[PDB]
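Right, one structure below, let's go through it.
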Amino acid sequence: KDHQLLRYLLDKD
Amino acid sequence: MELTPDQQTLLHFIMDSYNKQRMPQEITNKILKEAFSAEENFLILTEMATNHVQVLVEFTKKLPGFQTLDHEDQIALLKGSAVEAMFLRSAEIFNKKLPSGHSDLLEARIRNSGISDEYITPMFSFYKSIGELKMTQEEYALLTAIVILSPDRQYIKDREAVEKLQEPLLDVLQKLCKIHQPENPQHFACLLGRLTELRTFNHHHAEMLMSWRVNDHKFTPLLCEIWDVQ
Ligand SMILES: O=C(Nc1ccccc1F)[C@H](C1CCCCC1)n1c(-c2ccc(Cl)cc2)nc2cc(F)c(F)cc21
Numbered sequence: 744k745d746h747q748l749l750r751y752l753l754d755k756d
Numbered sequence: 247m248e249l250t251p252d253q254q255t256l257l258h259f260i261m262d263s264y265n266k267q268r269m270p271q272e273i274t275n276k277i278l279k280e281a282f283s284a285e286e287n288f289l290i291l292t293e294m295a296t297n298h299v300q301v302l303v304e305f306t307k308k309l310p311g312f313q314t315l316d317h318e319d320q321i322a323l324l325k326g327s328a329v330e331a332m333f334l335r336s337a338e339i340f341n342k343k344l345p346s347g348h349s350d351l352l353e354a355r356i357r358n359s360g361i362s363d364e365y366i367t368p369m370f371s372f373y374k375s376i377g378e379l380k381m382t383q384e385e386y387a388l389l390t391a392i393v394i395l396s397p398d399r400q401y402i403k404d405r406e407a408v409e410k411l412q413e414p415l416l417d418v419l420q421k422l423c424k425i426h427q428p429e430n431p432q433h434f435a436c437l438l439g440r441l442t443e444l445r446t447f448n449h450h451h452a453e454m455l456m457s458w459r460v461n462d463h464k465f466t467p468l469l470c471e472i473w474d475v476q
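Residue numbers (the entry's author numbering), protein chains in the order written: chain B, 744 to 756; chain A, 247 to 476.
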């Protein structure tokens, strides 16, 4: 998906 | 006039999060130590930019109210500010006072890093424009937070929610401008105006990187998401 790593870094922790 | 207790709390909190970035001295020490090939400098840039985005996301998540925003708007703000934040951080690093002759060697080394001359002139013009503002660490931190919380970004669904988060940071920055430079009442407007100049690096960032004097332009998957490359 578009911006998959950014979405991950934003939604983690 | 003076900062309120809530404003002081907000300022120290922003400063603490901002100070989690890679130290300017660390970066300039490597560039000044020895000259690198355009290939070596390209790899130094991609590793620096990857670490920068990672820390920028952590700084952004700590901005008051950021986590209450719509998830798609959160992505749009990060994606819309990452390149500008990198150039603003590079400008801060470039303008740090160094021993006699060091800033000249640093400039010459960056000028011969592999980047095209056509991107060199607008880049150093912006760095020197930033340098003339004689900004404090607090001003750089607040200006970075203001860049990130820009309600005018493309694809932002709820601009008012973003405005509400940016407005208290602009108020704090305005007070700091009046305190650090009372003789210059144009200082706040100057700081804000340089943000327009900052936005110009978005249009040509992809070309700036693709025209680096290297045979292969390898980027990390995270940089591919944030930069318009590969
Ligand atoms: O690492 C960098 N910038 C940077 C990135 C993320 C966080 C902090 C940073 F400083 C590069 C290096 C890379 C290696 C070759 C020399 C330039 N860099 C730039 C720069 C930034 C982006 C493009 Cl497309 C072209 C050059 N402007 C700089 C000014 C400086 F004072 C400085 F110390 C390094 C600087």
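Just so it is clear, CB atoms sit at the ideal spot from N, CA and C, and this is done for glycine as well.
Near ligand 1: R750 (chain B) beta-carbon under 7 Å from a heavy atom: no
Span of the alpha helix (DSSP H), counted from its first residue to its last, around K424 (chain A): 405 to 426
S359 (chain A) Cβ short of 7 Å to ligand 1 heavy atom set: yes
Neighbourhood of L416 (chain A) by C-beta distance below 7 Å, restricted to the same chain and skipping five residues each side: Cβ within range, chain order: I392.
Chain B contact residues for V418 (chain A), given Cβ-Cβ distances below 9 Å: Those within 9 Å of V418 (chain A) in chain B number zero; the least Cβ separation is about 25 Å.
Bounding residues of the alpha helix (DSSP H) (the contiguous stretch that carries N275 (chain A)): 270 to 279
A295 (chain A) classed as buried or exposed, judged by whether at least 16 other C-beta atoms fall within 10 angstroms: buried
Neighbour list for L395 (chain A) in chain B, Cβ cutoff strictly below 7 Å: Residues of chain B passing the Cβ test: none, with the nearest at roughly 15 Å.
Alpha-carbon to alpha-carbon, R405 (chain A) and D398 (chain A): Between the alpha carbons of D398 (chain A) and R405 (chain A) lies a gap of roughly 7 Å.
Short CB-CB distance (under 8 Å) between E330 (chain A) and chain B: no
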